[PDB]
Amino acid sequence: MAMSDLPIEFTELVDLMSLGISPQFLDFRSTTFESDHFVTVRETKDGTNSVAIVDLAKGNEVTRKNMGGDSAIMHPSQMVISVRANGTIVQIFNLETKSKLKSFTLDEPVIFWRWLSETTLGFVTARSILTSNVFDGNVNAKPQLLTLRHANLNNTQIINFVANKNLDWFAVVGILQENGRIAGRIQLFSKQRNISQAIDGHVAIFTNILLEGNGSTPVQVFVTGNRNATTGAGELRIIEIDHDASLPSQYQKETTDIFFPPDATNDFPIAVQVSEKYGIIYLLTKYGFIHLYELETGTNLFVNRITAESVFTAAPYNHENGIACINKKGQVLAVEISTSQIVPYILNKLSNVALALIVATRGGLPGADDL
């Protein structure tokens, strides 16, 4: 396929090794990525920790600071850094105003954290799942218990924690070795119902879709991807949550195969992000394959290899219209749909008029005026 006909736009946002980052820190624990605004690299040199903040939105400007903690993340959009020492001491600072937003010491160590929203930080301990309203102004208030972890996440490495926009549905993802492969486990929690459900999956996200009949009111869907560690079968599922009975149109569950080539036995999904505006799911594998699916139908649009070096983390890109990731060589890579080519691609390469109409209509995209 000629490059001008690709339905995606690919960009290298930065090469971290060009900024002087050492490859020994390019790993899931040390180089963190909450959004395409920033990359935070925790460095240790002669026994002393530091953080390098790379501002991808400002020409890859690097801000370096010494720190006493051993784990650090940036906010999705603001110059707010969250630092912890050995899971127990936690401090969150606005680097602009210099002000301390949160400062507390946990009795039970935090072992994973992730921004759930612009206002809310999620914490997972050995036993518990918590959230903090970081910007509530009460500096010493500890995170609030959301729920206990489900036993299905026992013995997993926690790799993600996501929520819906209403902050009343949540998913925690962990991985473990099983049958010589990596299996994924997900705890889904409804805050309104105070109920958890254990499911199999490597990736998860909550999103919204506008359906015919429903005016401008979206319906909510949960998107999950899985590779079965016994059978090797890959599956994407999209399922409605909390249907508003006032709305005439419901989202019928969709299931789609996730393709794995024959020599990719040990590959699995590592990230999923969604463009709400365009209704496009972007699913990335550990080995660097990107898979696009249309959100309404679950149709697999496109599969391509964006990197040969393994991906270790990912985040939304371009106001959550795409996906960005970091590979083991320190390249920060981004994919979003080509607004000029996606509809022609569906029409001409997939020969799918109905799907072309769906995508064109939802996104206000060119290429479908003659249908």
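Note that residue numbering begins at 1 and tracks the sequence as displayed.
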Margin query: Mean CA temperature factor from the deposited coordinates, higher in 238-246 or in 218-226?
Written below: 238-246
Next item on the list: Name the higher of the two by mean Cα B-factor in the PDB entry, 257-265 versus 168-176.
Entry: 257-265
Next item on the list: Report the option among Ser82, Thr207, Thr285, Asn152 whose CA atom has the maximum B-factor in the deposited record.
Entry: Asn152
Notebook entry, point to check: Looking at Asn321, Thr32, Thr44, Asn327, which has the highest Cα B-factor in the entry?
Noted result: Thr44
Item checked: Chain-wide C-alpha B factor ranking for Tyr251, given as lowest, middle or highest third -> highest
Next item on the list: Report the third (lowest, middle or highest) to which the CA temperature factor of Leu211 belongs, ranking only the modelled residues of the same chain.
Entry: highest
Item checked: Assigned third (lowest, middle, highest) for the C-alpha B factor of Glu276 -> middle
Next item on the list: Would you mind checking where the Cα B-factor of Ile8 ranks among the modelled residues of its chain, as the lowest, middle or highest third?
Entry: lowest
Next item on the list: Relative to the other modelled residues of the same chain, rank the CA B-factor of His75 and answer lowest, middle or highest third.
Entry: lowest
